[PDB]
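Colleague: here is my input; please provide its structure:
(chains A and B)
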2 protein chains.
Amino acid sequence: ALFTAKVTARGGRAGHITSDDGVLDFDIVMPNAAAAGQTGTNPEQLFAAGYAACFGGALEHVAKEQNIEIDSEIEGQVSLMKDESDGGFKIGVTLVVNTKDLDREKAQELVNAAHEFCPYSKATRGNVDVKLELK
Amino acid sequence: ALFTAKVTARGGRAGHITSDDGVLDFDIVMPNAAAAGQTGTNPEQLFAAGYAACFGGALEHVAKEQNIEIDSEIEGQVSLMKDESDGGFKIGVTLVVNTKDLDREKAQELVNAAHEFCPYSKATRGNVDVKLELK
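Modeller: Numbers count the residues shown, from 1 in each chain, chains lettered A, B, ... in the order given. Take a look at the structure below.
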């Protein structure tokens, strides 16, 4: 292990998360948060944030390998969905990649390489149908 | 989609994340590259948060399905590891489930059930070593 990040979640779908280091400190909120005057995050948003960040790191590393400096914005879009197999729930993911002035052919190549490197892509491979979009 | 969470990552390993609602607004700081004492989050910490929350919520639900009102505390521990398959990186997860004032046998049963329910468990199936531990 290079490092272990620790976060404690108390109390379920209306609960609260505090990272070991205090950097993360939030309520977990339900769909009616605005109406109820609550503020916070949820597991989908946390997923979106992590995957966006993971993918940016991966894109930067693959580019580096080719001595390319990239200026990127990655929008992670994580959807909660009904799991008809189960009567339960599952996740859907889209990543919209903005690589600014990078030639598009190169952008396409590095996005694919990034998807093979990013630990979140590896963790979800074959379970989630991760859609990759360039702009 | 029931709902879609959206978060944008600017840059890479030392970049920044901002959720669309501004609730998450953080610099990316890797614990292995934070010599100046920089404050921030990372993909492993966001995943520890998210999976702790998801599992706590899953636990709550399965317990309620068994007519049990559970008070839950879950520590997610997400390690970044070397991946010898490709000389790259991968994540490992441990979840430490604290079920207070509750029978350990029933506790384990409920942990087993929450793991089938939690969408992050479904998402990572077979690709991440996920350890479920009690106390």
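
Colleague: C-alpha only now, for contacts and for neighbours.
Modeller: Noted.

Colleague: how about residue A:1, nearest residue that isn't a chain neighbour?
Modeller: residue B:81 (4.7 Å; Cα to Cα, 6 or more residues apart in numbering or on different chains).

Colleague: any idea which residue sits dead centre in chain A?
Modeller: residue A:51 (2.2 Å; Cα atoms, centre = their mean).

Colleague: for that one, give me its contacts.
Modeller: Residues counted as contacts of residue A:51 (Cα atoms under 8 Å, 6 or more residues apart in numbering or on different chains) are A:76, A:120, B:43.

Colleague: any idea how far residue A:9 lies from residue B:10?
Modeller: Residue A:9 sits 27 Å away from residue B:10 when distances are taken as Cα to Cα, to the nearest Å.

Colleague: out of the two, which sits in the busier spot?
Modeller: A direct count of neighbours by other Cα atoms under 10 Å in any protein chain shown for residue A:9 and residue B:10 places residue A:9 higher, at 31 against 23.

Colleague: partner residues bridging that one?
Modeller: Beta bridges link residue A:9 to residue A:17, residue B:74, judged by DSSP bridges.

Colleague: could I get the phi/psi values of the residue nearest to residue A:1?
Modeller: Backbone torsions of residue B:81, given as degrees, to the nearest 10, read phi -120, psi 160.

Colleague: and the residue nearest to residue A:15 when sequence neighbours are not counted, bridged to which residues?
Modeller: In this structure, residue A:15 finds its nearest non-sequential neighbour in residue A:28, 5.0 Å apart by Cα to Cα, 6+ apart. Per DSSP bridges, the residues bridged to residue A:28 are residue A:41.

Colleague: got the contact list for residue A:28?
Modeller: By Cα under 8 Å, 6+ apart, the contact list for residue A:28 reads A:12, A:13, A:14, A:15, A:16, A:17, A:40, A:41, A:42, A:43, B:53.

Colleague: just among those residues, which is most surrounded?
Modeller: residue B:53 (36 neighbours).

Colleague: could you verify my assumption that that one touches residue A:7?
Modeller: No - at 9.2 Å, residue B:53 does not count as touching residue A:7 under the criterion of Cα atoms under 8 Å.

Colleague: what's the domain layout of chain A?
Modeller: Following curated CATH domains, chain A resolves into domains at A:1-41, A:42-135.

Colleague: pull up the distance across the first one, start to finish.
Modeller: The straight-line separation of the ends of domain A:1-41 (Cα to Cα) is 28 Å.

Colleague: same thing with the last one?
Modeller: Between the opening and closing residues of domain A:42-135 lies a distance of 27 Å (Cα to Cα).

Colleague: going by residue numbers, what spans are helices in chain A?
Modeller: A:43-64, A:104-117, A:119-124 (DSSP state H).

Colleague: C-alpha coordinates for the shortest one, PDB please?
Modeller: Put plainly, it is helix A:119-124. What follows is helix A:119-124, C-alpha atoms only, in PDB (Å, rounded to 0.1, in the frame of the first residue of the first chain):
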ATOM      1  CA  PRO A 119      -8.000   2.500 -10.800                       C
ATOM      2  CA  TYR A 120     -11.800   3.400 -10.800                       C
ATOM      3  CA  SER A 121     -12.100   2.100 -14.400                       C
ATOM      4  CA  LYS A 122     -10.400  -1.100 -13.400                       C
ATOM      5  CA  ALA A 123     -12.600  -1.500 -10.200                       C
ATOM      6  CA  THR A 124     -15.800  -1.100 -12.300                       C
END
